[PDB]
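**Q** Just dropping this structure here.
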Amino acid sequence: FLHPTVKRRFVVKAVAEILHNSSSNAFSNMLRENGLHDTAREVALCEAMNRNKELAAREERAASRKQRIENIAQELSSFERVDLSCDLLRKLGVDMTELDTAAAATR
Amino acid sequence: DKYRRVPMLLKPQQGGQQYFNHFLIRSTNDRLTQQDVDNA
Amino acid sequence: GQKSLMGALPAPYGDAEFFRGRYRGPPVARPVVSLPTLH
Amino acid sequence: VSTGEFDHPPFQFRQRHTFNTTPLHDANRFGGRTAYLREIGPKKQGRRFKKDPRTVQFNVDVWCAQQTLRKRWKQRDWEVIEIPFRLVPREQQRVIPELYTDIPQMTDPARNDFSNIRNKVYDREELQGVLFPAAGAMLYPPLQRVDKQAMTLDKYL
Amino acid sequence: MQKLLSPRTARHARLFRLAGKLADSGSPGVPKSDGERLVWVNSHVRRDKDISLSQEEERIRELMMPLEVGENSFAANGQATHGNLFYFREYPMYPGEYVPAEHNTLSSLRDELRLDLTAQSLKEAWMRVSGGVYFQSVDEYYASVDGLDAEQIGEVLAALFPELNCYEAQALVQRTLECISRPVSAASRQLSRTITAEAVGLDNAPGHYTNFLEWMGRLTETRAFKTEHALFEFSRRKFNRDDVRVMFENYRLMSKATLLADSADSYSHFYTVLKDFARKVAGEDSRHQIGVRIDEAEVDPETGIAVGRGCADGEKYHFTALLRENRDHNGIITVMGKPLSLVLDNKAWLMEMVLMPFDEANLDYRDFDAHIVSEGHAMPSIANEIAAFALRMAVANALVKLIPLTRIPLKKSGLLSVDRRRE
Amino acid sequence: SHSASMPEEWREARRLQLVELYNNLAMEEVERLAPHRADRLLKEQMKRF
């Protein structure tokens with residue numbers, strides 16, 4: 001409830017804080033079964049990139065990192081795709097109620 | 001009599017279709033066992 | 001039937017076993033028991 | 001489902017006591033009830049009805065109906081007593097339709113009793129206050145019912 | 001003097017711990033007492049031992065099977081009168097059965113793809129390095145020399161790839177030469193299989209033998225060779241009515257201008273007609289099996305009930321089977337409100353026909369519930385073989401409607417097939 | 001294995017996909033060849049995996 005721009009900011013912040021930290025396959029499959037296929041391959045690419053930089057041409061390449069997760073961030077926060085993106089972000093690791101207070105406010 | 005009205009699948013009544021895949025997997029297992037016997 | 005040249009062409013790339021929907025021929029029959037010999 | 005014989009064997013050549021073949025009028029068939037309809041020799045009004053197919057089929061239908069009736073009446077461990085509406089139990093305080101009038105009525109769908117009211121049979125020992133008010137001496141003893149929650153041999157104790 | 005009720009083996013103790021975990025988890029059907037769990041564990045261990053005994057006695061009985069006609073072993077199959085009436089297949093019927101592929105063909109295709117990709121990469125590397133155009137003259141074609149010698153390719157393979165065996169490197173050099181000459185065709189190996197060296201007459205000349213093999217392989221895969229083979233097989237009477245009708249339909253699709261443009265070539269106007277016939281003629285590489293029909297499942301989404309039908313005598317016996325999946329493994333079959341053991345009067349030879357669609361499907365009957373409604377002539381007893389045939393057809397059609405792949409064995413057993421015999 | 005011009009993150013993503021695919025195929029062949037008592041054939045399949 002109440003998502004002109006609240007859900008957009010919630011999704012970009014949660015995607016940014018969930019992309020640059022970990023390295024797993026738990027985010028690719030739930031986007032794959034949700035119906036979107038290209039962003040699943042792109043987030044698998046980003047998580048494999050984070051795993052490659054975690055397991056072990058340095059400064060010029062890494063800017064592409066700050067491109068592509070940003071390319072994720074404005075993609076899941078389009079005005080039609082905030083809904084399923086925030087529902088999927090609610091299931092795996094993101095448990096916050098600072099911007100989920102609007103649900104209780106509309107209740 | 002004249003069983004011309006009977007279908008061709010009913011006259012020999014070829015049953016036992018479940019065993020064929022088991023027989024083929026057993027044949028492959030016996031071929032690999034024979035290959036193990038010939039090497040040692 | 002009569003002897004022909006079908007199937008005698010070299011199959012490209014040698015992948016004639018992975019095609020599982022291939023033509024398997026007419027269904028052959030096998031004896032369930034060996035009959036006694038005539039002589 | 002029943003596997004007894006219902007139809008009569010048809011009319012054909014005179015059968016002989018061979019394998020898979022019984023004579024047309026034998027004492028083994030229909031309990032020997034073909035003894036009324038048989039001719040032992042290998043007056044037209046007493047000879048023509050033994051050879052008619054509709055007559056012998058009607059006779060074996062009558063005999064099978066007699067067998068069905070005696071087996072339905074040997075099933076009866078009860079009898080019908082006309083009890084007034086006030087003293088009857090709660091399941092029979094409703095409007096019970098006649099036979100083949102309505103859908104076969106369940107006993108009590110609210111109290112989880114899904115059974116036909118016409119097949120309900122009540123015990124005699126539970127209606128002694130209704131059937132016998134004039135005796136006052138309790139002519140039938142109370143029915144001993146087992147304690148289902150008691151630890152017995154059935155429950156490994 | 002007193003037998004201990006406690007579990008005596010580690011297997012007994014592990015099963016007792018599993019039964020205790022099931023009782024603490026609150027599963028339906030698990031007993032709450034300990035003596036009942038002990039009885040359960042002892043009976044399961046005895047069942048496992050009896051299964052092992054059955055497996056061992058079948059292993060011993062496989063070796064003493066009387067495969068010949070003897071004292072108690074009678075043919076009686078009509079093998080003397082008719083001869084070989086029961087079929088047998090050595091191939092897995094797709095997609096009902098599965099046999100895993102042999103490792104030799106897998107490794108051969110793997111190595112072939114490795115060599116092809118390596119040769120293509122080396123050819124593209126030379127194409128980038130040399131700078132574009134490369135014309136081959138007639139004497140360069142007769143000498144069979146490309147832009148790279150064998151020594152250069154061997155030096156490149158030794159420098160770039162350290163871990164590389166000798167014969168693998170020589171095969172890589174040969175495949176790079178074959179790929180830089182033309183696109184590679186895997187045709188010389190099968191011609192080496194079907195044609196030996198002593199037949200053509202080159203026993204001491206392996207190089208000319210491989211040259212003739214690669215020349216015949218590069219001339220085999222042309223369109224004209226396939227067209228000539230299709231015309232030869234058309235002359236040898238290898239077509240049915242279906243191929244004749246498809247050739248007629250492909251001839252009717254060509255207009256007159258396309259006919260003139262195709263008869264400008266010598267072999268293309270025949271090839272447009274005979275493309276499907278040359279696909280059929282090419283063998284197990286390119287001819288498909290017909291196969292039984294595999295339909296879609298027609299199941300009620302709410303109740304999970306599939307509906308099948310069966311008939312016998314045309315008018316007398318009609319049956320409709322309703323089939324559902326039983327998840328508690330207590331499956332039972334019922335015919336017109338009465339269980340199957342009382343409808344058919346406990347006759348084994350009639351109820352085995354109803355069991356048979358579950359048997360040929362390799363399916364457990366206890367995972368399915370079935371009710372069969374009689375729609376034909378109502379009689380007080382259907383304990384006969386023709387009614388059981390109709391029951392079998394109804395149960396088989398219900399199993400086909402529930403699971404679609406069940407049609408693959410059930411049609412092969414003839415259980416879905418209707419005979420027309422009346423009285 | 002014959003692709004090194006692609007970036008290393010793409011190669012590691014496809015490598016993880018092939019690891020998952022080989023493990024799923026291994027578990028599928030284990031569940032498929034179990035009731036046939038095909039321990040030699042299953043041993044060769046697991047050796048190939």
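Here's how to read the names in the structure tokens: chain A, B, ... by the order shown, residue numbers from 1 in each chain, ligand numbers from 1 in the order shown.
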Select all residues from chain F having any atom no more than 10 Å from an atom of chain B (counting only C-alpha atoms, ignoring ligands), output as a list in words.
**A**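 My answer is residues 33, 35, 36, 37, 38, 39, 40, 41, 42, 43 and 44 of chain F.
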**Q** Could you give me, as a ChimeraX atom specification, the residues within 12 Å of residue 222 (chain E), counting only C-alpha atoms and dropping anything in the same chain fewer than 2 positions from it?
**A** /C:9 /E:185,187,215-220,224-229,267-268,271
**Q** With 9 Å as the cut-off and only C-alpha atoms counted, what is the closest atom pair between each nearby residue of chain F and chain E? Distances in Å to one decimal, ordered by chain and number, as CSV.
**A**
```
residue,atom,partner,partner_atom,distance
F:1,CA,E:114,CA,8.9
F:2,CA,E:117,CA,6.9
F:29,CA,E:100,CA,8.8
F:32,CA,E:98,CA,8.9
F:41,CA,E:100,CA,8.8
F:44,CA,E:103,CA,8.6
F:45,CA,E:100,CA,8.6
F:48,CA,E:103,CA,8.1
```
**Q** Based on the backbone DSSP call, show me all residues of region 88-315 of chain E assigned strand (DSSP E), as an NGL selection string.
**A** :E and (306-312)
**Q** Those same residues, written as a short mmCIF file (atom, residue, chain, number, x, y, z; two decimals), in the first residue's frame with N, CA, C and O atoms?
**A**
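After the write, out29.cif holds the following:
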```cif
data_model
loop_
_atom_site.label_atom_id
_atom_site.label_comp_id
_atom_site.auth_asym_id
_atom_site.auth_seq_id
_atom_site.Cartn_x
_atom_site.Cartn_y
_atom_site.Cartn_z
N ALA E 306 -10.04 -39.12 -13.58
CA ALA E 306 -10.03 -39.34 -15.02
C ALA E 306 -11.11 -40.36 -15.37
O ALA E 306 -11.44 -41.24 -14.58
N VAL E 307 -11.65 -40.23 -16.58
CA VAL E 307 -12.79 -41.02 -17.03
C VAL E 307 -12.39 -41.82 -18.26
O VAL E 307 -11.92 -41.25 -19.25
N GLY E 308 -12.57 -43.14 -18.19
CA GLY E 308 -12.32 -44.00 -19.33
C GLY E 308 -13.52 -44.89 -19.60
O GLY E 308 -14.34 -45.13 -18.73
N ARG E 309 -13.59 -45.39 -20.83
CA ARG E 309 -14.73 -46.19 -21.27
C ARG E 309 -14.28 -47.55 -21.77
O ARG E 309 -13.11 -47.75 -22.13
N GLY E 310 -15.22 -48.49 -21.78
CA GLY E 310 -14.96 -49.82 -22.31
C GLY E 310 -16.24 -50.45 -22.80
O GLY E 310 -17.32 -50.21 -22.24
N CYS E 311 -16.13 -51.26 -23.85
CA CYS E 311 -17.30 -51.87 -24.47
C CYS E 311 -17.01 -53.31 -24.85
O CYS E 311 -15.86 -53.70 -25.07
N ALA E 312 -18.08 -54.10 -24.94
CA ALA E 312 -18.03 -55.50 -25.32
C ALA E 312 -19.43 -55.93 -25.74
O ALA E 312 -20.41 -55.48 -25.15
#
```
